[PDB]
>>> print(open('upload_2.cif').read())   # mmCIF, N, CA, C and O atoms
data_run
#
loop_
_atom_site.label_atom_id
_atom_site.label_comp_id
_atom_site.auth_asym_id
_atom_site.auth_seq_id
_atom_site.Cartn_x
_atom_site.Cartn_y
_atom_site.Cartn_z
N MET A 1 28.14 19.47 -13.32
CA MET A 1 27.83 20.20 -12.08
C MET A 1 26.80 19.47 -11.22
O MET A 1 25.61 19.51 -11.54
N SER A 2 27.21 18.96 -10.07
CA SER A 2 26.33 18.70 -8.91
C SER A 2 26.53 19.82 -7.86
O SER A 2 26.83 20.94 -8.26
N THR A 3 26.00 19.61 -6.66
CA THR A 3 26.22 20.36 -5.40
C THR A 3 26.09 19.34 -4.26
O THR A 3 25.68 18.21 -4.54
N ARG A 4 26.30 19.70 -2.99
CA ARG A 4 25.91 18.87 -1.82
C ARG A 4 24.73 19.46 -1.05
O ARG A 4 24.79 19.76 0.13
N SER A 5 23.72 19.87 -1.81
CA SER A 5 22.47 20.39 -1.25
C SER A 5 21.58 19.23 -0.79
O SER A 5 21.28 18.35 -1.60
N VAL A 6 21.09 19.29 0.45
CA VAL A 6 20.21 18.27 1.06
C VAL A 6 18.93 18.09 0.24
O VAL A 6 18.24 19.07 -0.07
N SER A 7 18.55 16.84 -0.05
CA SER A 7 17.46 16.51 -0.98
C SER A 7 16.17 15.99 -0.32
O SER A 7 15.40 15.26 -0.94
N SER A 8 15.83 16.52 0.86
CA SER A 8 14.54 16.26 1.52
C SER A 8 13.36 16.64 0.61
O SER A 8 13.04 17.81 0.45
N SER A 9 12.64 15.63 0.11
CA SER A 9 11.24 15.76 -0.29
C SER A 9 10.34 15.73 0.97
O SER A 9 10.79 16.11 2.05
N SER A 10 9.12 15.16 0.89
CA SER A 10 8.41 14.66 2.08
C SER A 10 9.22 13.58 2.82
O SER A 10 9.50 13.76 4.00
N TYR A 11 9.85 12.67 2.05
CA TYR A 11 11.04 11.85 2.37
C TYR A 11 10.97 10.87 3.57
O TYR A 11 11.54 9.78 3.49
N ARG A 12 10.20 11.16 4.62
CA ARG A 12 9.83 10.24 5.71
C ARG A 12 8.31 10.07 5.68
O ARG A 12 7.57 10.88 6.24
N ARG A 13 7.85 9.20 4.76
CA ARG A 13 6.44 9.04 4.34
C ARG A 13 5.84 10.39 3.87
O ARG A 13 6.53 11.15 3.17
N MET A 14 4.52 10.60 3.99
CA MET A 14 3.85 11.85 3.53
C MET A 14 2.62 12.28 4.35
O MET A 14 1.94 13.25 4.00
N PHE A 15 2.24 11.51 5.38
CA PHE A 15 0.89 11.52 5.95
C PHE A 15 0.71 12.54 7.09
O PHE A 15 0.38 12.19 8.22
N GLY A 16 0.71 13.83 6.75
CA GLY A 16 0.23 14.88 7.66
C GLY A 16 1.23 15.21 8.79
O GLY A 16 2.26 15.84 8.53
N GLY A 17 0.75 15.07 10.02
CA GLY A 17 1.56 15.02 11.25
C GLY A 17 1.12 13.78 12.05
O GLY A 17 0.17 13.13 11.62
N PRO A 18 1.64 13.54 13.27
CA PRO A 18 1.49 12.25 13.97
C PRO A 18 0.06 11.68 14.11
O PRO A 18 -0.15 10.51 13.84
N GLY A 19 -1.01 12.44 14.40
CA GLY A 19 -1.06 13.86 14.75
C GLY A 19 -2.46 14.39 15.06
O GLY A 19 -2.59 15.42 15.70
N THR A 20 -3.53 13.71 14.63
CA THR A 20 -4.91 13.95 15.10
C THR A 20 -5.77 12.70 14.88
O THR A 20 -6.48 12.59 13.88
N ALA A 21 -5.80 11.79 15.86
CA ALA A 21 -6.67 10.60 15.86
C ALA A 21 -8.17 10.91 16.15
O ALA A 21 -8.91 10.05 16.61
N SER A 22 -8.61 12.15 15.94
CA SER A 22 -10.02 12.58 16.01
C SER A 22 -10.77 12.22 17.32
O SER A 22 -11.96 11.91 17.27
N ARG A 23 -10.12 12.44 18.48
CA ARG A 23 -10.71 12.27 19.84
C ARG A 23 -12.14 12.86 19.90
O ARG A 23 -12.29 14.07 19.73
N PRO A 24 -13.19 12.04 20.10
CA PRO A 24 -14.56 12.45 19.80
C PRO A 24 -15.09 13.51 20.76
O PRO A 24 -15.40 13.25 21.93
N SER A 25 -15.30 14.72 20.24
CA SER A 25 -15.91 15.84 20.96
C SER A 25 -17.42 15.64 21.15
O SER A 25 -18.22 16.20 20.40
N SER A 26 -17.81 14.90 22.20
CA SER A 26 -19.22 14.68 22.56
C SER A 26 -20.00 16.00 22.69
O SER A 26 -19.47 17.02 23.14
N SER A 27 -21.31 15.97 22.42
CA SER A 27 -22.20 17.14 22.44
C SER A 27 -22.56 17.66 23.85
O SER A 27 -23.62 18.24 24.04
N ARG A 28 -21.63 17.61 24.81
CA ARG A 28 -21.71 18.35 26.09
C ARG A 28 -21.52 19.88 25.91
O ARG A 28 -21.63 20.64 26.87
N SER A 29 -21.43 20.34 24.66
CA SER A 29 -21.74 21.70 24.18
C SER A 29 -23.25 21.99 24.02
O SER A 29 -23.60 23.13 23.68
N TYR A 30 -24.14 21.04 24.32
CA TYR A 30 -25.55 21.30 24.64
C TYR A 30 -25.72 21.89 26.05
O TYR A 30 -24.79 21.93 26.86
N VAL A 31 -26.91 22.40 26.34
CA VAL A 31 -27.33 22.83 27.69
C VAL A 31 -27.63 21.59 28.54
O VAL A 31 -28.36 20.71 28.08
N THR A 32 -27.15 21.54 29.79
CA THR A 32 -27.49 20.43 30.71
C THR A 32 -28.99 20.45 31.04
O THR A 32 -29.57 21.53 31.19
N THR A 33 -29.63 19.28 31.04
CA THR A 33 -31.10 19.17 31.01
C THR A 33 -31.81 19.92 32.14
O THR A 33 -31.30 20.05 33.25
N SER A 34 -33.03 20.39 31.86
CA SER A 34 -33.91 20.99 32.86
C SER A 34 -34.48 19.90 33.76
O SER A 34 -35.38 19.17 33.34
N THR A 35 -34.07 19.83 35.03
CA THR A 35 -34.53 18.78 35.98
C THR A 35 -35.96 19.03 36.52
O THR A 35 -36.25 18.76 37.69
N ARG A 36 -36.83 19.65 35.72
CA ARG A 36 -38.18 20.12 36.08
C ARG A 36 -39.16 18.96 36.35
O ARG A 36 -40.12 18.73 35.62
N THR A 37 -38.98 18.35 37.51
CA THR A 37 -39.95 17.49 38.18
C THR A 37 -40.85 18.32 39.11
O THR A 37 -40.59 19.50 39.37
N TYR A 38 -41.96 17.75 39.60
CA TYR A 38 -42.95 18.45 40.42
C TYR A 38 -43.53 17.53 41.49
O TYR A 38 -43.87 16.38 41.19
N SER A 39 -43.71 18.03 42.72
CA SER A 39 -44.35 17.29 43.81
C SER A 39 -45.75 17.83 44.08
O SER A 39 -45.94 18.91 44.67
N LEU A 40 -46.77 17.03 43.74
CA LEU A 40 -48.17 17.24 44.11
C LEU A 40 -48.40 16.95 45.61
O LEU A 40 -49.11 16.02 45.99
N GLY A 41 -47.77 17.72 46.49
CA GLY A 41 -47.75 17.44 47.93
C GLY A 41 -49.04 17.79 48.69
O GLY A 41 -49.09 17.57 49.90
N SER A 42 -50.04 18.38 48.04
CA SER A 42 -51.27 18.90 48.67
C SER A 42 -52.49 18.00 48.46
O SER A 42 -53.09 17.54 49.43
N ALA A 43 -52.83 17.68 47.21
CA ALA A 43 -54.03 16.89 46.87
C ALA A 43 -53.98 15.44 47.41
O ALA A 43 -55.02 14.90 47.77
N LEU A 44 -52.78 14.91 47.67
CA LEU A 44 -52.55 13.59 48.28
C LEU A 44 -52.92 13.50 49.78
O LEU A 44 -52.60 12.50 50.43
N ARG A 45 -53.57 14.52 50.34
CA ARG A 45 -54.26 14.50 51.64
C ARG A 45 -55.59 15.29 51.51
O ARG A 45 -55.59 16.49 51.77
N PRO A 46 -56.67 14.67 50.98
CA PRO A 46 -57.90 15.36 50.54
C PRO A 46 -58.68 16.00 51.70
O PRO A 46 -59.61 15.44 52.28
N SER A 47 -58.23 17.20 52.07
CA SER A 47 -58.59 17.91 53.29
C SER A 47 -59.92 18.65 53.14
O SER A 47 -59.94 19.83 52.80
N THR A 48 -61.03 17.95 53.37
CA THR A 48 -62.39 18.49 53.22
C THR A 48 -63.30 18.14 54.40
O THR A 48 -63.40 16.97 54.79
N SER A 49 -64.04 19.12 54.91
CA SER A 49 -65.05 18.92 55.96
C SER A 49 -66.27 18.17 55.41
O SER A 49 -67.23 18.77 54.96
N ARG A 50 -66.31 16.85 55.66
CA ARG A 50 -67.53 16.03 55.54
C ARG A 50 -68.56 16.32 56.65
O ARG A 50 -69.71 15.89 56.55
N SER A 51 -68.19 17.11 57.66
CA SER A 51 -69.12 17.67 58.65
C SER A 51 -69.96 18.79 58.04
O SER A 51 -69.63 19.97 58.18
N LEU A 52 -71.03 18.42 57.33
CA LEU A 52 -72.01 19.33 56.71
C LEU A 52 -73.48 18.91 56.95
O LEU A 52 -74.40 19.56 56.48
N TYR B 53 59.31 22.05 -49.27
CA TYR B 53 58.51 21.34 -48.26
C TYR B 53 57.20 22.08 -47.94
O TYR B 53 57.17 23.31 -47.97
N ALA B 54 56.17 21.35 -47.49
CA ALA B 54 54.87 21.92 -47.13
C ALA B 54 54.20 21.16 -45.97
O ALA B 54 53.44 20.21 -46.17
N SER B 55 54.49 21.56 -44.73
CA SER B 55 53.88 20.99 -43.52
C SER B 55 52.41 21.40 -43.36
O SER B 55 52.10 22.59 -43.32
N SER B 56 51.52 20.43 -43.15
CA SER B 56 50.10 20.69 -42.84
C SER B 56 49.90 20.99 -41.35
O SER B 56 50.26 20.15 -40.53
N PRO B 57 49.17 22.06 -40.97
CA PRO B 57 48.69 22.29 -39.60
C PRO B 57 47.35 21.59 -39.29
O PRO B 57 46.68 21.94 -38.32
N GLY B 58 46.86 20.72 -40.19
CA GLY B 58 45.62 19.97 -39.98
C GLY B 58 45.71 18.98 -38.81
O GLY B 58 46.80 18.53 -38.45
N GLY B 59 44.57 18.61 -38.23
CA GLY B 59 44.48 17.73 -37.06
C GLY B 59 44.20 18.44 -35.73
O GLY B 59 43.76 17.79 -34.78
N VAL B 60 44.29 19.77 -35.68
CA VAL B 60 43.93 20.58 -34.50
C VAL B 60 42.40 20.68 -34.32
O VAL B 60 41.77 21.67 -34.69
N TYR B 61 41.79 19.64 -33.75
CA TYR B 61 40.35 19.58 -33.47
C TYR B 61 40.04 19.90 -31.99
O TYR B 61 39.98 19.02 -31.14
N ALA B 62 39.80 21.18 -31.69
CA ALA B 62 39.41 21.63 -30.36
C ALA B 62 38.02 21.09 -29.95
O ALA B 62 37.00 21.48 -30.51
N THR B 63 37.98 20.23 -28.93
CA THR B 63 36.72 19.63 -28.44
C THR B 63 35.95 20.63 -27.57
O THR B 63 36.33 20.91 -26.44
N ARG B 64 34.80 21.10 -28.06
CA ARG B 64 33.88 21.95 -27.29
C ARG B 64 33.23 21.15 -26.16
O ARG B 64 32.19 20.52 -26.38
N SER B 65 33.68 21.37 -24.92
CA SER B 65 32.97 20.90 -23.72
C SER B 65 31.55 21.49 -23.66
O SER B 65 31.34 22.69 -23.85
N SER B 66 30.57 20.63 -23.38
CA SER B 66 29.15 20.96 -23.36
C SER B 66 28.46 20.38 -22.11
O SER B 66 27.43 19.71 -22.20
N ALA B 67 29.04 20.67 -20.94
CA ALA B 67 28.40 20.43 -19.64
C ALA B 67 26.96 20.96 -19.60
O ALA B 67 26.67 22.01 -20.19
N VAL B 68 26.10 20.35 -18.78
CA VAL B 68 24.66 20.66 -18.70
C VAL B 68 24.39 22.12 -18.28
O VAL B 68 23.40 22.71 -18.72
N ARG B 69 25.28 22.71 -17.47
CA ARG B 69 25.21 24.12 -16.99
C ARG B 69 23.86 24.48 -16.34
O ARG B 69 23.48 25.64 -16.28
N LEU B 70 23.23 23.48 -15.72
CA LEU B 70 22.03 23.58 -14.89
C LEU B 70 22.26 22.75 -13.62
O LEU B 70 22.74 21.62 -13.71
N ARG B 71 22.03 23.34 -12.44
CA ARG B 71 22.14 22.64 -11.15
C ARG B 71 20.95 21.68 -10.94
O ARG B 71 19.95 21.78 -11.64
N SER B 72 21.07 20.76 -9.98
CA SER B 72 20.19 19.60 -9.80
C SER B 72 18.68 19.89 -9.96
O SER B 72 18.05 20.35 -9.00
N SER B 73 18.09 19.26 -10.98
CA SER B 73 16.67 19.33 -11.39
C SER B 73 16.27 20.70 -11.97
O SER B 73 16.87 21.16 -12.94
N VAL B 74 15.17 21.29 -11.50
CA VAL B 74 14.83 22.71 -11.72
C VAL B 74 15.83 23.61 -10.94
O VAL B 74 16.78 23.09 -10.37
N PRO B 75 15.67 24.95 -10.86
CA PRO B 75 16.39 25.76 -9.87
C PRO B 75 16.45 25.12 -8.46
O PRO B 75 15.45 24.59 -7.98
N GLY B 76 17.68 24.93 -7.99
CA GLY B 76 18.12 23.63 -7.44
C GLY B 76 17.58 23.20 -6.07
O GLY B 76 17.38 24.01 -5.18
N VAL B 77 17.71 21.89 -5.81
CA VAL B 77 17.48 21.26 -4.49
C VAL B 77 18.79 20.87 -3.76
O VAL B 77 18.77 20.31 -2.66
N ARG B 78 19.94 21.16 -4.38
CA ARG B 78 21.31 21.09 -3.85
C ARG B 78 22.12 22.24 -4.48
O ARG B 78 21.71 22.76 -5.52
N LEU B 79 23.22 22.65 -3.84
CA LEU B 79 24.05 23.77 -4.30
C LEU B 79 25.56 23.54 -4.05
O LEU B 79 26.24 23.34 -5.04
N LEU B 80 25.95 23.19 -2.81
CA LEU B 80 27.34 22.85 -2.43
C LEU B 80 28.08 21.87 -3.37
O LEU B 80 29.28 22.00 -3.57
N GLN B 81 27.42 20.79 -3.79
CA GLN B 81 28.03 19.75 -4.62
C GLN B 81 27.74 20.01 -6.10
O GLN B 81 26.80 19.45 -6.67
N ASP B 82 28.53 20.90 -6.70
CA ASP B 82 28.57 21.15 -8.15
C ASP B 82 30.00 21.18 -8.73
O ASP B 82 30.15 21.44 -9.92
N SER B 83 30.98 20.72 -7.94
CA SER B 83 32.40 20.59 -8.30
C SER B 83 33.02 21.93 -8.73
O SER B 83 33.33 22.15 -9.90
N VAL B 84 33.22 22.80 -7.74
CA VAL B 84 34.18 23.91 -7.84
C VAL B 84 35.58 23.31 -8.03
O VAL B 84 35.95 22.41 -7.28
N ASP B 85 36.11 23.53 -9.23
CA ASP B 85 37.30 22.87 -9.77
C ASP B 85 37.79 23.64 -11.01
O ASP B 85 38.76 24.38 -10.91
N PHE B 86 36.92 23.74 -12.03
CA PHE B 86 37.26 23.87 -13.46
C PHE B 86 38.29 24.93 -13.90
O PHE B 86 38.81 24.84 -15.01
N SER B 87 38.58 25.92 -13.07
CA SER B 87 39.79 26.74 -13.23
C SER B 87 41.08 25.91 -13.09
O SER B 87 42.04 26.25 -13.77
N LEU B 88 41.03 24.71 -12.49
CA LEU B 88 42.03 23.65 -12.65
C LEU B 88 42.14 23.19 -14.11
O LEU B 88 43.24 23.14 -14.64
N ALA B 89 41.03 22.92 -14.80
CA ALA B 89 41.07 22.48 -16.19
C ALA B 89 41.56 23.58 -17.15
O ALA B 89 42.26 23.28 -18.12
N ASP B 90 41.30 24.86 -16.84
CA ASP B 90 41.86 26.00 -17.58
C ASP B 90 43.30 26.37 -17.18
O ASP B 90 44.10 26.67 -18.08
N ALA B 91 43.73 26.08 -15.95
CA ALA B 91 45.14 26.09 -15.55
C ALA B 91 45.94 24.90 -16.11
O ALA B 91 47.08 25.05 -16.51
N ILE B 92 45.28 23.77 -16.40
CA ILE B 92 45.83 22.67 -17.19
C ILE B 92 45.85 23.02 -18.69
O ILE B 92 46.76 22.61 -19.41
N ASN B 93 44.96 23.89 -19.18
CA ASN B 93 45.08 24.45 -20.54
C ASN B 93 46.29 25.39 -20.67
O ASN B 93 46.95 25.37 -21.72
N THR B 94 46.67 26.13 -19.62
CA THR B 94 47.95 26.86 -19.57
C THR B 94 49.15 25.98 -19.19
O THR B 94 50.18 26.13 -19.84
N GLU B 95 48.97 24.86 -18.48
CA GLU B 95 50.00 23.81 -18.37
C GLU B 95 50.32 23.23 -19.75
O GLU B 95 51.48 23.26 -20.14
N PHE B 96 49.33 22.94 -20.60
CA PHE B 96 49.58 22.50 -21.97
C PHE B 96 50.01 23.61 -22.94
O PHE B 96 50.63 23.30 -23.97
N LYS B 97 49.85 24.90 -22.61
CA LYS B 97 50.55 26.00 -23.30
C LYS B 97 52.05 25.97 -22.96
O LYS B 97 52.88 25.91 -23.87
N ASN B 98 52.38 25.92 -21.67
CA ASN B 98 53.76 25.96 -21.20
C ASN B 98 54.52 24.65 -21.44
O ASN B 98 55.61 24.72 -21.98
N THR B 99 53.80 23.52 -21.51
CA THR B 99 54.28 22.21 -21.99
C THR B 99 54.68 22.25 -23.45
O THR B 99 55.69 21.66 -23.78
N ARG B 100 53.96 22.96 -24.33
CA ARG B 100 54.32 23.11 -25.76
C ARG B 100 55.40 24.16 -26.01
O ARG B 100 55.88 24.28 -27.13
N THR B 101 55.57 25.07 -25.05
CA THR B 101 56.66 26.06 -25.04
C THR B 101 57.96 25.37 -24.59
O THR B 101 58.93 25.44 -25.32
N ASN B 102 57.84 24.42 -23.66
CA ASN B 102 58.84 23.42 -23.29
C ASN B 102 59.17 22.43 -24.43
O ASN B 102 60.22 22.53 -25.04
N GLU B 103 58.22 21.57 -24.80
CA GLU B 103 58.39 20.39 -25.67
C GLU B 103 59.01 20.73 -27.02
O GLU B 103 59.92 20.07 -27.49
N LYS B 104 58.59 21.84 -27.63
CA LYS B 104 59.14 22.29 -28.92
C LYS B 104 60.55 22.86 -28.83
O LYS B 104 61.15 23.08 -29.87
#
>>> encode(input="upload_2.cif", output="structure tokens")
Amino acid sequence: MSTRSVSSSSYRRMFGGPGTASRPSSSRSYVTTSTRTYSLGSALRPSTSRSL
Amino acid sequence: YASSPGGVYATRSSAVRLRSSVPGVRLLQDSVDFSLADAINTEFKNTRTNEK
């Protein structure tokens, strides 16, 4: 006794699917940086009466 | 006279009676036939009813 039942094992190699070359998910899942710069726009013109 | 009926050695067929490997990986190809071999056992009944 045989049959004509199809005999697919893994049969076309064995390695997963085509299928995930691990495209790198960069950490832009962080918060975008705080651009907290400051302008000292006042003291750079030392506004004082020397008339004393 | 004394005729011997000796020499009638019936051969027990001992086919594997298991389909491909474990419970099978094929089914169609197991040679649906053998009622031909038992209809040939009745051909050799009717052949001996003829021949004698």
>>> closest_residue(input="upload_2.cif", among="B:78, B:97, B:69, B:64", to="chain A", atoms="all atoms listed in the file")
B:78
>>> atom_distance(input="upload_2.cif", atom1="atom O of residue B:76", atom2="atom CA of residue A:11")
15.7 Å
>>> closest_residue(input="upload_2.cif", among="B:67, B:80, B:60, B:54", to="chain A", atoms="only N, CA, C and O atoms")
B:80
>>> closest_atom_pairs(input="upload_2.cif", of="chain B", to="chain A", cutoff="12 Å", atoms="only C-alpha atoms", output="CSV")
residue,atom,partner,partner_atom,distance
B:66,CA,A:1,CA,11.4
B:67,CA,A:1,CA,7.6
B:68,CA,A:1,CA,7.4
B:69,CA,A:1,CA,6.8
B:70,CA,A:1,CA,7.3
B:71,CA,A:2,CA,6.2
B:72,CA,A:2,CA,6.3
B:73,CA,A:2,CA,10.0
B:75,CA,A:5,CA,11.8
B:76,CA,A:5,CA,8.2
B:77,CA,A:7,CA,5.9
B:78,CA,A:5,CA,2.9
B:79,CA,A:3,CA,4.2
B:80,CA,A:3,CA,4.0
B:81,CA,A:3,CA,2.1
B:82,CA,A:2,CA,3.4
B:83,CA,A:1,CA,5.9
B:84,CA,A:1,CA,8.5
B:85,CA,A:1,CA,10.1
B:86,CA,A:1,CA,10.2
>>> atom_distance(input="upload_2.cif", atom1="atom O of residue B:88", atom2="atom O of residue B:101")
19.1 Å
>>> atom_distance(input="upload_2.cif", atom1="atom CA of residue B:93", atom2="atom CA of residue B:61")
14.6 Å
